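*Asks:* pasting the first bit of my complex, frame unchanged:
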Amino acid sequence: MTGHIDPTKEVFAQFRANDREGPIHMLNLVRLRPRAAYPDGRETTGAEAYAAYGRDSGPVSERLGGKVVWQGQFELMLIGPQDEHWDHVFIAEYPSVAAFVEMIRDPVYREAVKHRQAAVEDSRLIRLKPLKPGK
């Protein structure tokens, strides 16, 4: 897959534009590459690289209010194409758009994400407003 790894500048501007007060839930669908694509040639698995991203970004996220509020192990694409499969599926909550922006501006995060860039073959990051589960 030549898939989607990073957000575009235009769409991130849209993210920041919609700054309504309230938590944001970030649904992540991540397909990891078998071999990590670092610029230096280093040879490691996508999983190992994604782990490093996690290890190094965790504290920044935690400090600014991020928390993983749901996580699941992928078992089956019951409706959808079979070429779609995800290795990590989770929802991260942040208490504000501003918290998320501060995370992605953090110098420590900006280094950690270099690992994500090397790790991810394809992904989705869907921004949602949480609802009371009654439609």
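*Replies:* Structure received. Numbers count the residues shown, from 1 in each chain, chains lettered A, B, ... in the order given.
*Asks:* Residue A:93: neighbour count?
*Replies:* Per other C-beta atoms under 10 Å, the neighbour tally for residue A:93 reads 17. The way it works is simple: take the backbone N, C-alpha and C, and place the C-beta from them, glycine included.
*Asks:* So which residue is smack in the middle of chain A?
*Replies:* Nearest residue to the geometric centre of chain A (C-alpha atoms, centre = their mean): residue A:28, 5.0 Å.
*Asks:* Regarding it, what is its secondary structure?
*Replies:* Assigned with DSSP: H, G, I helix; E, B strand; the rest coil, residue A:28 falls in the strand class.
*Asks:* contacting residues around residue A:73?
*Replies:* Going by C-beta atoms under 8 Å, 6 or more residues apart in numbering, residue A:73 touches residue A:89.
*Asks:* Report the beta-bridge partners for the residue nearest to the centre of chain A.
*Replies:* Beta bridges link residue A:28 to residue A:90, residue A:125 when assigned by DSSP bridges.
*Asks:* Wait, it touches residue A:122, no?
*Replies:* No: checked against C-beta atoms under 8 Å, the pair residue A:28 and residue A:122 is beyond contact range at 12.0 Å.
*Asks:* tack on chain B:
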Amino acid sequence: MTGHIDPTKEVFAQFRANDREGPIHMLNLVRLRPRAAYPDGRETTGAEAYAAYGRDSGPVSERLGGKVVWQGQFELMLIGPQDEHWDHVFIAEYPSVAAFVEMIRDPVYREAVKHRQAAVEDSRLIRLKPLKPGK
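*Replies:* Okay, chain B now, added to the rest:
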């Protein structure tokens, strides 16, 4: 569009094949038609048809242990293609694979789902095993 609306028979077999004990979380991503595509030709919005699906399927789901455990309003595809957007995004929990199979076999559900078939332009239905949110 030619999206994915229903599960294929082969993939549903795989779903039933994996009958490990424990709840299942079903992540639904649903894109609705502007105009519902029933056999009748009747004019209703996709939203109206999906409403009817929910209305008539709710009791069956409830009776067999189904519950919506998380639900969100789509705000932005931050990472991914901009043509991907979803009108309904939620996670339904069932206590077993069998509970879910009994739902989709229920004759009341089998009529309700006709509304889903009319409503949905494209969708994903991802089966997950819930994890304790620590990687």
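*Asks:* With chain B now part of the structure, what is the answer for the contacts of residue A:73?
*Replies:* For residue A:73, the contact set (C-beta atoms under 8 Å, 6 or more residues apart in numbering or on different chains) comprises A:89, B:128, B:129, B:130, B:131.
*Asks:* what do you get for residue A:115?
*Replies:* Contact partners of residue A:115, counting by C-beta under 8 Å, 6+ apart, are A:49, A:50, A:52, A:53, A:56.
*Asks:* For the helix or strand hosting residue A:10, list every residue counted as buried.
*Replies:* In this assignment (DSSP states H and E), residue A:10 forms part of helix A:9-17. Within helix A:9-17, the residues that count as buried by 16 or more other C-beta atoms under 10 Å in any protein chain shown are A:11, A:12, A:14, A:15.
*Asks:* Check stretch A:62-78 too.
*Replies:* A:64, A:65, A:66, A:68, A:70, A:71, A:72, A:74, A:75, A:76, A:77, A:78.
*Asks:* out of those residues, who's nearest chain B?
*Replies:* residue A:72 (3.0 Å; C-beta to the nearest C-beta).
*Asks:* That closest one is in contact with residue B:130, isn't it?
*Replies:* Yes: using C-beta under 8 Å, residue A:72 is in contact with residue B:130, at 5.5 Å.
*Asks:* Now do the buried residues in the helix ranked longest in chain A.
*Replies:* Counting by DSSP state H, the longest helix found in chain A is helix A:46-63. Buried residues in helix A:46-63, defined by neighbour count with 16+ other C-beta under 10 Å: A:46, A:49, A:50, A:52, A:53, A:54, A:56, A:57, A:60, A:61.
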